[PDB]
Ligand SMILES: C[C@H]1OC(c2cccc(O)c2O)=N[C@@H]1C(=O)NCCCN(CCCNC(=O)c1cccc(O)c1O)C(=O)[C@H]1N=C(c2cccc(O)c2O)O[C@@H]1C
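Shown here is one chain on its own, the form deposited without the named molecule, set out as structure tokens.
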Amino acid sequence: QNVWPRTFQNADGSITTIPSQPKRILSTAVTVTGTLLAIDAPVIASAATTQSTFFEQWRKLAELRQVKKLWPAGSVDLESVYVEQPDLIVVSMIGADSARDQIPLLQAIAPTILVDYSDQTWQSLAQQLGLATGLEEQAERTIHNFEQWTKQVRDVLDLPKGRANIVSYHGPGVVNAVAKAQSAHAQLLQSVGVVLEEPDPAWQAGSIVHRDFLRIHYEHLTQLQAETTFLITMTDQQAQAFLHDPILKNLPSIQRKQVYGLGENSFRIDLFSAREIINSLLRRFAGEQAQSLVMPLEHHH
């Protein structure tokens, strides 16, 4: 019968023994909280962004589930963790929201696990979170339902002819970026039928490398060939700056007026920002097939 206690494999190759199924999960990493919510884990409290907020893709869901907002990233409050009486404490390995250095102190309060969201998809992260929480079946269900959804959406979209690129636009005089072939963004769009133009890895600027984005000198933007451009972290209103950038006036996507914001929450892909992104593709490209496939933040509360 027993699958508790169990031992969780932390992202750094350490381990953490979890004596019983956690029912009071506290997240020290605002980024991880999105995926805890995605699999309906019993999260009772979560740390926040440096700006003391929950990520907007899921904030409303966290508030609805009464997830207590804790400290802003960068100011881990060990005493508030003690107060929450957690039975599982979740820490990220890499990022502003990472409480990795506090693991020894955290482990003194409750079983503390270490996960990495920076180097894998939310889906891969969801599977690991399922093991830590006994929600393996829920993780798979969430992942699979989502996959089936993208298959359904793929069938109803009427995308522009040709290819698209995925750009993070900051304008002239500054490093810009293009989504890489293995990025979560590229995989998501490809899953609903978008055919992508990939960036030249030679364009790499500086020494900071990320899984999702190739960082590049602004001047390389003029070399993009795709007939469509999707803009990271931008609304269509904000996209105007890209459309009206005189240096970019010859881009095929600008010539065709096929430049589209991926939305304010599209920097990082989790279930909820992915949902928003896919919803925007339905509304733009699926016509009156669009609405019935649009997915809410949640339903059947």
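Numbering starts at 1 and follows the sequence shown.
Only in words, not in the display: the form solved in complex with the named molecule, which the text now covers.
Site status for the named molecule after superposition of its pose in the deposited bound form: open, or blocked by 3 or more ligand atoms within 2.4 Å of backbone or C-beta atoms?
Open: no clash with the backbone or C-beta atoms.
The named molecule isn't shown here, but in the deposited bound form, which of 138-146, 122-130, 151-159, 96-104 has heavy atoms within 4.5 Å of it?
That would be stretch 96-104.
May I ask you to choose, among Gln255, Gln66, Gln240, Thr50, the residue with a heavy atom within 4.5 Å of the named molecule in the deposited bound form?
For this set of options, the contacting one is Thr50.
Although the named molecule is absent from this view, report whether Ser168 comes within 4.5 Å of it in the deposited bound form, heavy atoms only.
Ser168 belongs to the contact set for the named molecule.
Contact label in the deposited bound form: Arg215 to the named molecule, heavy atom within 4.5 Å:
Yes.
Mark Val76 yes when one of its heavy atoms lies within 4.5 Å of a heavy atom of the named molecule in the deposited bound form, and no otherwise.
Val76: no, not in contact with the named molecule in the deposited bound form.
Since only the chain is shown here, I'm wondering whether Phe55 would be in contact with the named molecule in the deposited bound form (any heavy atom pair within 4.5 Å).
Residue-level check for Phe55: yes, a contact with the named molecule.
Thinking of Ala186, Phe230 and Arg284 as the candidate spot, does the named molecule come within 4.5 Å of a heavy atom on all of them in the deposited bound form?
No residue of the spot touches the named molecule in the deposited bound form.
Suppose contact means any heavy atom within 4.5 Å; which members of 15-45 contact the named molecule in the deposited bound form?
If the 4.5 Å heavy-atom criterion is applied to the named molecule in the deposited bound form, 15-45 yields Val30, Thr31.
Taking the chain as two rigid parts that shift between the shown form and the other one, would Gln107 and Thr17 be sorted into the same part?
They share a rigid part.
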